[PDB]
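Just below is one structure, and these are the notes that go with it.
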Amino acid sequence: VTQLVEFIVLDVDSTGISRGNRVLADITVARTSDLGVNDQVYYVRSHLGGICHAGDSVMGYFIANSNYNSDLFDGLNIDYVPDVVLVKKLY
Amino acid sequence: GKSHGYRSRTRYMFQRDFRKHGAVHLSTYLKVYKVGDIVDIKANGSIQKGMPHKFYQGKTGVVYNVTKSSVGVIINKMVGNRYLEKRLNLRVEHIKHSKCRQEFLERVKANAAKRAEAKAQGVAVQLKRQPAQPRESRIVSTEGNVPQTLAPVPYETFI
Amino acid sequence: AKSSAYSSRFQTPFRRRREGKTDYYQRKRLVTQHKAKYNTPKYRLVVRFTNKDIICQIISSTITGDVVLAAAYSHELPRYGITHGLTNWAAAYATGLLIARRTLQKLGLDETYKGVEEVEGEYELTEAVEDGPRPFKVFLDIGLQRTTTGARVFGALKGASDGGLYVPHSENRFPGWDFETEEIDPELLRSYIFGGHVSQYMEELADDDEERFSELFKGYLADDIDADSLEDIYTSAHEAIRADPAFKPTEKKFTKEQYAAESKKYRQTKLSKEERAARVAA
Amino acid sequence: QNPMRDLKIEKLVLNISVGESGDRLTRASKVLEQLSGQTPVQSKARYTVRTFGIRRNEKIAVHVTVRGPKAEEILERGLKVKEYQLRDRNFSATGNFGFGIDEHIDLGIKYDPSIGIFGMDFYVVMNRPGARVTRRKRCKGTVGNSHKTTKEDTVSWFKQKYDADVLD
RNA sequence: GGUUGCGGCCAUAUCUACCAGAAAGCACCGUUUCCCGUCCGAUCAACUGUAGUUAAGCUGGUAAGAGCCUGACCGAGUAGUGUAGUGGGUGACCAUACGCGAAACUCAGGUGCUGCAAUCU
RNA sequence: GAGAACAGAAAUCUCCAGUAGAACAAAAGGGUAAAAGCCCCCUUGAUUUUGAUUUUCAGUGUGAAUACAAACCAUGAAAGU
RNA sequence: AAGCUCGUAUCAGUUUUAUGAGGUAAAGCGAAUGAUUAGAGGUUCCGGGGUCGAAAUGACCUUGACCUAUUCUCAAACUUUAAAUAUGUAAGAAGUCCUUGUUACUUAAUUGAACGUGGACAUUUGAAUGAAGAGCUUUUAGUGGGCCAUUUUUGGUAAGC
């Protein structure tokens with residue numbers, strides 16, 4: 001839980017699939033630390049479908065800079081690993 | 001778990017002093033160390049670079065190497081059944097001269113002075129030192145001096 | 001209203017520090033010698049500016065005390081023709097020329113290493129003569145002066161470099177250094193050396209505000225020295241320094257002991273213990 | 001004695017304690033700019049209290065200092081607002097005096113409804129010549145006790161000029 | 001003997017309260033064109049030694065002051081401690097023999113000393 | 001501690017006192033005041049080549065560390081680091 | 001155990017003269033630092049650890065954030081001063097002094113540094129006592145379960161623990 005990174009959501013694009021949590025809203029999200037002076041925007045499907053709106057602070061795992069050392073993570077297909085996993089909405 | 005770090009058990013030995021904190025005075029740097037001089041080691045707490053280990057606090061060595069900021073000192077340390085000859089590189093704040101050697105160098109000049117002076121007279125060089133002798137017989141004076149009588153005191157509490 | 005415990009535990013700082021004169025973090029880096037030299041003293045050009053006076057010295061280090069090798073002051077310049085303005089930028093250049101030609105005379109490196117003489121205000125430092133003795137190397141000591149470009153301090157440095165002393169320095173704190181391009185203006189630097197920045201201001205204040213031209217610059221009007229002749233003052237002055245930087249002292253009066261016979265009268269003396277005990281008794 | 005032991009009005013420190021940052025802070029800055037004639041500097045918060053609504057490093061307040069002859073003229077215009085009348089307070093034990101007003105449209109230039117209404121704090125320091133020795137770099141020292149300013153000396157000075165009252 | 005520049009040793013030099021200082025040196029002080037730096041020529045920059053001052057800084061003195069530093073048939077040869085005994089004591093611990101031996105306190109005295117270069121009734 | 005509109009226990013501003021009672025990524029112990037803390041300006045020496053030396057020690061390893069030499073640079077007006 | 005080079009060599013579980021280092025016993029709390037046993041309130045002056053939420057003006061539970069008033073204690077993990085016993089080095093010939101040789105280091109400089117030529121200082125040659133010789137080397141056996149006593153102590157009620 002100590003690896004969570006603050007994210008700021010730009011908008012929510014839902015695909016209309018919903019099991020019990022409004023499945024697969026393609027959230028366009030940007031980093032809290034890079035929103036100020038950068039132009040860098042990430043693009044990710046997530047289960048946080050209905051509870052998320054524009055300008056909300058969410059927490060997330062950030063795979064793009066993390067060098068894990070698991071043999072299970074090493075035995076994957078890297079180009080199928082997402083850059084962002086949205087974990088929970090803050091406040 | 002045990003603790004055997006590089007500065008363990010040095011709480012009171014690397015403290016600076018009482019009312020002597022702050023920067024060092026400039027006659028520490030201006031002194032001159034030539035190869036072969038007898039030096040003493042006392043680790044300064046404020047200057048962390050080039051610092052002697054906690055063993056060599058208080059030992060005494062000989063300077064063999066002189067470099068920019070530091071001096072090279074040899075120390076005889078015992079281990080097991082044998083002396084070894086270990087070498088250090090101490091910055092000049094931690095080092096200081098030994099006055100026992102400095103009194104030796106001026107006693108040689110006095111010993112050379114007495115031999116050359118006694119040769120002009122011709123006898124009795126008399127140059128070795130002698131320890132404390134038992135004293136000679138002498139006569140004390142009771143003139144204006146009566147021997148005062150003492151006695152043991154009784155017991156009182158006054159507590 | 002200070003407790004007895006407060007004065008009990010009190011690191012009293014060093015004597016030159018609570019008086020506020022000497023930085024000791026700077027002094028350690030200036031004094032120390034590479035220990036493989038064993039004796040070689042590190043000579044420090046000490047340039048200190050008071051108001052209305054300029055002090056320049058060449059000193060070394062010893063545990064008993066610092067040893068002065070040679071020194072000159074701003075008030076020796078009326079011997080060399082400079083009367084008024086003996087604390088400006090230009091007189092600071094003349095004093096650094098005076099210590100250099102003096103310390104090369106008493107040392108022996110006088111005939112060689114003449115330095116520049118046709119001075120144009122261009123950054124260069126002295127070069128070692130082929131198959132000869134090396135020039136005398138003196139480092140700069142500034143004390144507590146804030147280092148800003150165009151200062152009076154580096155003018156005393158420029159007189160030292162032109163006199164022949166080896167002083168390591170850059171060209172960026174001289175006046176006329178440009179911020180955008182990293183070059184020096186040699187024409188504008190040559191103005192400051194001969195008092196151009198003062199003689200320019202004698203022009204603008206003349207026609208516009210006559211009221212202050214009597215109050216300021218009054219020594220100029222008394223000797224009738226106009227603005228354009230100010231550049232001719234220092235030009236004759238630098239050649240006067242090359243002739244005889246011999247430092248003859250003065251007579252001061254009859255002797256020294258007449259000075260001590262005066263100053264005893266005005267200082268108070270300590271009372272004795274029994275005279276103190278008589279005052280406690282009353 | 002008299003001859004150089006004289007009071008003076010060393011600096012005047014205008015202050016506007018804006019509650020929360022924003023464009024309302026920058027509209028307060030243009031008030032001090034047209035008043036003092038200089039560019040004001042802005043101060044940041046030290047801590048986050050959250051009962052006032054502030055956060056750390058927010059550029060919460062502005063202030064500008066005025067020295068020289070221009071400080072006396074702004075001081076005269078401020079005292080006319082309160083009719084040369086101050087309380088038994090407003091004079092510190094060090095000898096300095098200050099007072100705060102509100103609704104700056106009552107003095108000065110104009111109303112100008114785009115910029116709004118603001119209240120200022122005026123604070124005046126007092127010293128004598130020779131106070132350089134505490135501010136300078138080389139040979140720093142402290143001023144002796146008989147040359148220091150007191151509360152009693154300022155009120156004796158402030159009654160003499162401007163014909164004012166400490167009535168409380 | 002007094003100042004100033006540069007120190008050495010770093011409170012016998014500091015701290016608090018009042019007083020005195022000729023000469024010169026310092027210091028306050030006057031101005032903002034230029035190099036330069038600030039919200040503010042206050043600090044630093046430059047400019048004049050000019051309009052003026054010992055009011056401050058600085059130096060010297062005084063205080064049965066606070067602090068600090070030396071001593072002493074001061075406390076005390078006491079506290080502790082190294083060796084020895086088929087010594088005492090149910091013990092706890094304590095005496096002796098050959099030895100080393102403090103600290104707080106008490107009183108008495110002290111309140112910077114000096115190196116280099118220059119300049120001063 | 002004493003002062004300033006709204007403003008109080010706590011906003012911002014000012015002075016006096018202030019031997020570190022603060023701060024220095026973290027455990028505790030050292031250390032530090034014109035700094036080793038706070039705020040600015042410039043930079044990559046957190047680099048290349050291999051030896052000597054300290055600590056645990058069998059005077060082997062491993063980790064960490066000190067002082068140099070030969071190169072190349074950073075910074076500063078400079079000593080230097 | 002086999003020996004080898006040498007035989008007054010300078011070494012020594014010691015003292016003295018000189019000079020270092022240390023923070024335990026004792027002292028101190030009217031010199032800094034200082035616990036303990038308990039613990040009542042103040043609802044966005046915080047939430048820290050949760051939990052449920054189609055969300056946040058969002059709920060519920062809890063340690064509380066807060067000690068908001070004073071009150072004693074002394075000290076292995078508190079300190080200005082500081083023992084005793086134990087501990088490091090020096091007491092010369094591989095030394096001191098004149099004198100001038102060496103160099104690519106160093107100095108403004110034949111200044112320093114380092115190593116030397118030639119000359120001078122010997123039986124008291126630089127404190128005491130002792131020295132069944134001093135010094136170096138090769139090679140291999142056994143052992144790697146310990147225990148007791150005075151003193152200093154840690155855990156423990158205490159123990160032939």
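Starting from 1 in every chain, residues are counted up; chains themselves are A, B, ... following the order of the structure tokens, and ligands are numbered from 1 as listed.
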
Q. So which residues of chain A fall under alpha helix (DSSP H) by DSSP, listed as a ChimeraX atom specification?
A. /A:71-74

Please check the contacts: residues of chain C at most 12 Å away from chain F, using only C-alpha atoms (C1' of nucleotides), listed as an mmCIF file with C-alpha atoms, in the first residue's frame.
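The result, written out as part11.cif:
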data_model
loop_
_atom_site.group_PDB
_atom_site.id
_atom_site.type_symbol
_atom_site.label_atom_id
_atom_site.label_comp_id
_atom_site.auth_asym_id
_atom_site.auth_seq_id
_atom_site.Cartn_x
_atom_site.Cartn_y
_atom_site.Cartn_z
ATOM 1 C CA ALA C 1 18.280 39.406 34.145
ATOM 2 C CA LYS C 2 20.520 36.511 33.099
ATOM 3 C CA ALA C 5 23.459 28.967 35.091
ATOM 4 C CA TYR C 6 23.493 30.904 31.812
ATOM 5 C CA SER C 7 26.902 32.477 32.385
ATOM 6 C CA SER C 8 28.156 29.187 33.817
ATOM 7 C CA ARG C 9 27.796 27.256 30.542
ATOM 8 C CA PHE C 10 28.855 29.672 27.822
ATOM 9 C CA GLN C 11 31.239 29.029 24.928
ATOM 10 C CA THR C 12 32.848 32.429 24.697
ATOM 11 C CA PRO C 13 33.957 32.893 21.072
ATOM 12 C CA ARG C 17 35.442 37.084 16.296
ATOM 13 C CA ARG C 18 33.341 38.817 18.949
ATOM 14 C CA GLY C 20 33.865 41.225 14.474
ATOM 15 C CA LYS C 21 37.053 41.583 12.455
ATOM 16 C CA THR C 22 38.277 38.161 11.315
ATOM 17 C CA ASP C 23 36.404 35.299 9.657
ATOM 18 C CA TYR C 24 37.921 32.053 10.904
ATOM 19 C CA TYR C 25 36.264 29.818 8.339
ATOM 20 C CA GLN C 26 38.098 31.770 5.640
ATOM 21 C CA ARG C 27 41.364 32.065 7.569
ATOM 22 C CA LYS C 28 41.941 28.299 7.777
ATOM 23 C CA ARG C 29 41.888 27.982 4.000
ATOM 24 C CA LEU C 30 44.242 30.938 3.568
ATOM 25 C CA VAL C 31 46.820 30.119 6.227
ATOM 26 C CA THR C 32 47.584 26.412 5.819
ATOM 27 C CA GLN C 33 50.464 25.037 3.782
ATOM 28 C CA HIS C 34 50.822 21.765 1.916
ATOM 29 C CA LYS C 42 52.112 31.556 2.286
ATOM 30 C CA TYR C 43 52.096 35.308 1.687
ATOM 31 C CA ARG C 44 48.729 37.055 1.761
ATOM 32 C CA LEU C 45 48.038 40.431 0.214
ATOM 33 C CA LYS C 137 53.451 34.477 -5.759
ATOM 34 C CA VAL C 138 51.048 36.305 -3.437
ATOM 35 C CA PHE C 139 47.423 35.341 -2.782
ATOM 36 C CA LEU C 140 44.574 37.770 -2.166
ATOM 37 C CA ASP C 141 42.925 38.286 1.231
ATOM 38 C CA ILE C 142 39.685 40.255 1.292
ATOM 39 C CA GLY C 143 38.457 39.867 4.867
ATOM 40 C CA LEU C 144 34.755 40.578 5.218
ATOM 41 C CA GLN C 145 34.189 42.665 2.086
ATOM 42 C CA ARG C 146 31.263 41.523 -0.035
ATOM 43 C CA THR C 147 32.585 40.504 -3.438
ATOM 44 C CA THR C 148 30.821 42.492 -6.156
ATOM 45 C CA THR C 149 32.093 43.455 -9.585
ATOM 46 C CA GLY C 150 33.394 46.986 -9.894
ATOM 47 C CA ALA C 151 34.658 47.016 -6.313
ATOM 48 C CA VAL C 153 39.205 45.753 -3.827
ATOM 49 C CA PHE C 154 40.104 44.352 -7.234
ATOM 50 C CA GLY C 155 41.576 47.689 -8.239
ATOM 51 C CA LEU C 157 44.645 43.644 -7.155
ATOM 52 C CA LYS C 158 45.162 45.091 -10.627
ATOM 53 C CA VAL C 167 48.265 37.102 -8.201
ATOM 54 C CA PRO C 168 45.832 34.440 -9.476
ATOM 55 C CA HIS C 169 42.646 36.121 -10.616
ATOM 56 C CA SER C 170 39.899 36.013 -13.206
ATOM 57 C CA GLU C 171 38.604 38.841 -15.371
ATOM 58 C CA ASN C 172 34.952 38.741 -14.321
ATOM 59 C CA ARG C 173 34.889 40.982 -11.248
ATOM 60 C CA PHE C 174 36.738 43.830 -12.935
#

Q: Run DSSP on the backbone and grab whatever in chain A lands in strand (DSSP E); send it over as a count of residues only.
A: 34

Q: Write out as a PyMOL selection string the residues lying within 10 Å of residue 112 (chain C), counting only C-alpha atoms (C1' of nucleotides) and excluding same-chain residues fewer than 6 positions away.
A: chain C and resi 104+129+132-133+135+164

Q: Mind checking which residues fall within 7 Å of residue 124 (chain D), counting only C-alpha atoms (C1' of nucleotides), ignoring those fewer than 5 positions away in the same chain, and posting them as number ranges by chain?
A: D: 11-13, 96-98

Selection from above, N, CA, C and O atoms, as a short mmCIF file (atom, residue, chain, number, x, y, z; two decimals), in the first residue's frame, can you write it?
data_model
loop_
_atom_site.label_atom_id
_atom_site.label_comp_id
_atom_site.auth_asym_id
_atom_site.auth_seq_id
_atom_site.Cartn_x
_atom_site.Cartn_y
_atom_site.Cartn_z
N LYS D 11 11.83 53.80 9.00
CA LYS D 11 11.06 53.14 7.95
C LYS D 11 9.59 53.09 8.34
O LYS D 11 9.24 53.11 9.52
N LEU D 12 8.74 53.02 7.32
CA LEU D 12 7.30 52.85 7.46
C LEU D 12 6.92 51.58 6.71
O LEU D 12 7.14 51.48 5.50
N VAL D 13 6.33 50.63 7.43
CA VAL D 13 6.05 49.31 6.89
C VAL D 13 4.55 49.18 6.71
O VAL D 13 3.82 48.97 7.69
N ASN D 96 8.64 52.05 19.40
CA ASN D 96 8.03 52.17 18.08
C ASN D 96 6.52 52.31 18.22
O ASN D 96 5.93 51.89 19.21
N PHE D 97 5.89 52.91 17.21
CA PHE D 97 4.45 53.09 17.25
C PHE D 97 3.82 52.66 15.94
O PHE D 97 4.39 52.87 14.87
N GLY D 98 2.64 52.06 16.04
CA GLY D 98 1.91 51.62 14.87
C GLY D 98 0.42 51.64 15.12
O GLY D 98 -0.03 51.62 16.27
#

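Distances to residue 5 (chain E) were evaluated for E:84, E:116, E:56, E:98 using only C-alpha atoms (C1' of nucleotides), and the minimum falls at E:116.
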
Which chain D residues are at most 6 Å from chain E (counting only C-alpha atoms (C1' of nucleotides)), as an mmCIF file with N, CA, C and O atoms, in the first residue's frame?
data_model
loop_
_atom_site.group_PDB
_atom_site.id
_atom_site.type_symbol
_atom_site.label_atom_id
_atom_site.label_comp_id
_atom_site.auth_asym_id
_atom_site.auth_seq_id
_atom_site.Cartn_x
_atom_site.Cartn_y
_atom_site.Cartn_z
ATOM 1 N N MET D 4 23.318 65.597 18.787
ATOM 2 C CA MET D 4 23.143 64.611 17.734
ATOM 3 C C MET D 4 22.158 63.531 18.163
ATOM 4 O O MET D 4 21.692 62.747 17.329
ATOM 5 N N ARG D 5 21.797 63.507 19.441
ATOM 6 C CA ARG D 5 20.792 62.600 19.983
ATOM 7 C C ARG D 5 19.420 63.106 19.541
ATOM 8 O O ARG D 5 18.751 63.878 20.229
ATOM 9 N N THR D 39 7.186 48.606 -6.018
ATOM 10 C CA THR D 39 6.649 47.267 -6.219
ATOM 11 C C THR D 39 6.607 46.523 -4.891
ATOM 12 O O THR D 39 7.653 46.314 -4.267
ATOM 13 N N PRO D 40 5.430 46.110 -4.428
ATOM 14 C CA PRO D 40 5.349 45.430 -3.133
ATOM 15 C C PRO D 40 5.809 43.988 -3.235
ATOM 16 O O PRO D 40 5.764 43.371 -4.300
ATOM 17 N N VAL D 41 6.258 43.452 -2.105
ATOM 18 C CA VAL D 41 6.694 42.066 -2.037
ATOM 19 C C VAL D 41 5.618 41.288 -1.287
ATOM 20 O O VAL D 41 4.838 41.870 -0.525
ATOM 21 N N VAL D 64 4.929 46.351 1.957
ATOM 22 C CA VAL D 64 5.909 47.196 1.296
ATOM 23 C C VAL D 64 6.415 48.214 2.309
ATOM 24 O O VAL D 64 5.649 48.763 3.106
ATOM 25 N N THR D 65 7.729 48.413 2.324
ATOM 26 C CA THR D 65 8.371 49.331 3.249
ATOM 27 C C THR D 65 8.714 50.614 2.513
ATOM 28 O O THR D 65 9.094 50.574 1.340
ATOM 29 N N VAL D 66 8.561 51.746 3.190
ATOM 30 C CA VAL D 66 8.875 53.050 2.623
ATOM 31 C C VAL D 66 9.859 53.755 3.544
ATOM 32 O O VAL D 66 9.596 53.915 4.739
ATOM 33 N N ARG D 67 10.987 54.180 2.986
ATOM 34 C CA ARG D 67 12.000 54.900 3.737
ATOM 35 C C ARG D 67 12.122 56.316 3.196
ATOM 36 O O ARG D 67 11.503 56.674 2.192
ATOM 37 N N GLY D 130 23.378 56.771 14.099
ATOM 38 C CA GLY D 130 24.271 55.843 14.748
ATOM 39 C C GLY D 130 23.700 54.461 14.942
ATOM 40 O O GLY D 130 24.330 53.638 15.614
#

Q | residue 5 (chain B) surroundings by only C-alpha atoms (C1' of nucleotides), 10 Å radius, close-in-sequence under 4 positions cut, as a PyMOL selection string | A | (chain B and resi 9) or (chain F and resi 55-56+64)

Okay, now the selection with N, CA, C and O atoms (P, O5', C5', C4', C3', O3' and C1' of nucleotides), as a PDB file, in the first residue's frame?
ATOM      1  N   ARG B   9      30.834   2.202  20.879  1.00  0.00           N
ATOM      2  CA  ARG B   9      31.327   2.419  22.240  1.00  0.00           C
ATOM      3  C   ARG B   9      32.167   3.680  22.375  1.00  0.00           C
ATOM      4  O   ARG B   9      33.061   3.740  23.220  1.00  0.00           O
TER       5      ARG B   9
ATOM      6  P     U F  55      42.731  -1.814  12.130  1.00  0.00           P
ATOM      7  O5'   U F  55      41.153  -1.974  12.106  1.00  0.00           O
ATOM      8  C5'   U F  55      40.317  -1.112  12.853  1.00  0.00           C
ATOM      9  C4'   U F  55      38.874  -1.391  12.550  1.00  0.00           C
ATOM     10  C3'   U F  55      38.473  -2.850  12.617  1.00  0.00           C
ATOM     11  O3'   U F  55      38.204  -3.281  13.935  1.00  0.00           O
ATOM     12  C1'   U F  55      37.664  -1.900  10.610  1.00  0.00           C
ATOM     13  P     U F  56      39.045  -4.492  14.561  1.00  0.00           P
ATOM     14  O5'   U F  56      38.202  -5.774  14.153  1.00  0.00           O
ATOM     15  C5'   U F  56      36.957  -6.034  14.778  1.00  0.00           C
ATOM     16  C4'   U F  56      36.041  -6.848  13.902  1.00  0.00           C
ATOM     17  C3'   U F  56      36.509  -8.241  13.535  1.00  0.00           C
ATOM     18  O3'   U F  56      36.306  -9.173  14.580  1.00  0.00           O
ATOM     19  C1'   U F  56      35.540  -7.170  11.649  1.00  0.00           C
ATOM     20  P     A F  64      30.341  -1.004  -0.446  1.00  0.00           P
ATOM     21  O5'   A F  64      30.734  -0.123   0.815  1.00  0.00           O
ATOM     22  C5'   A F  64      29.726   0.494   1.596  1.00  0.00           C
ATOM     23  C4'   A F  64      30.258   0.977   2.919  1.00  0.00           C
ATOM     24  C3'   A F  64      31.376   2.000   2.860  1.00  0.00           C
ATOM     25  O3'   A F  64      30.914   3.316   2.621  1.00  0.00           O
ATOM     26  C1'   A F  64      31.958   0.312   4.382  1.00  0.00           C
TER      27        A F  64
END

**Q.** Proximal residues of chain B relative to chain F (only C-alpha atoms (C1' of nucleotides); 9 Å) as a PyMOL selection string
**A.** chain B and resi 4-6+10-12+14-16+22+45-53+67-72+84+86-91

Q. Residue 168 (chain D): which residues within 10 Å, counting only C-alpha atoms (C1' of nucleotides), same-chain residues fewer than 2 positions away excluded, as a VMD selection string?
A. chain D and resid 85 to 89 165 to 166

Closest contacts (chain G/chain C, max 9 Å, only C-alpha atoms (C1' of nucleotides)) as a tab-separated table:
residue	atom	partner	partner_atom	distance
G:31	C1'	C:5	CA	6.3
G:32	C1'	C:5	CA	8.3
G:80	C1'	C:9	CA	8.8
G:106	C1'	C:37	CA	6.2
G:107	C1'	C:40	CA	7.0
G:108	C1'	C:136	CA	4.6
G:109	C1'	C:133	CA	7.1
G:111	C1'	C:40	CA	8.3
G:112	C1'	C:39	CA	6.9
G:113	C1'	C:37	CA	7.6

Take the residues that were just selected and, keeping C-alpha atoms (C1' of nucleotides), output them as a PDB file, in the first residue's frame.
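Produced file part-v2.pdb, reproduced below:
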ATOM      1  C1'   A G  31      25.238  23.437  37.465  1.00  0.00           C
ATOM      2  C1'   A G  32      22.361  21.146  32.420  1.00  0.00           C
ATOM      3  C1'   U G  80      30.858  20.646  35.391  1.00  0.00           C
ATOM      4  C1'   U G 106      60.007  21.847  -3.487  1.00  0.00           C
ATOM      5  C1'   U G 107      61.138  27.106  -2.870  1.00  0.00           C
ATOM      6  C1'   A G 108      60.751  34.219  -5.155  1.00  0.00           C
ATOM      7  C1'   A G 109      65.697  32.287  -4.177  1.00  0.00           C
ATOM      8  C1'   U G 111      65.239  27.989   0.404  1.00  0.00           C
ATOM      9  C1'   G G 112      63.714  23.332   2.238  1.00  0.00           C
ATOM     10  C1'   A G 113      63.295  17.863   2.061  1.00  0.00           C
TER      11        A G 113
END

Q: When you get a sec, could you note down which chain C residues fall within 7 Å of chain E, using only C-alpha atoms (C1' of nucleotides), as a ChimeraX atom specification?
A: /C:4,7-8,12,14-15,52,55,63-68,146,148-151,175-176,197,201,215-218,258-264,267-268,280

Q.
What does the structure give for the distance between CA of residue 91 (chain D) and CA of residue 156 (chain D), in Å to one decimal?
A.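 Taking CA of residue 91 (chain D) and CA of residue 156 (chain D), their separation equals 11.4 Å.
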
**Q.** Selection near residue 25 (chain D), 12 Å with only C-alpha atoms (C1' of nucleotides), sequence-local residues under 2 positions removed, as a PyMOL selection string
**A.** chain D and resi 16-23+27-32+40-44+58-63+115-118

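Computed from the coordinates, the CA of residue 242 (chain C) to CA of residue 115 (chain C) distance equals 10.8 Å.
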
**Q.** Nearest residue to residue 76 (chain B) from the set G:129, G:39, G:89, G:27 (distances using only C-alpha atoms (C1' of nucleotides))
**A.** G:89

Q: Return the single residue from D:2, D:90, D:142, D:51 that is closest to chain C, with distances computed using only C-alpha atoms.
A: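 Among the listed residues, D:142 lies closest to chain C.
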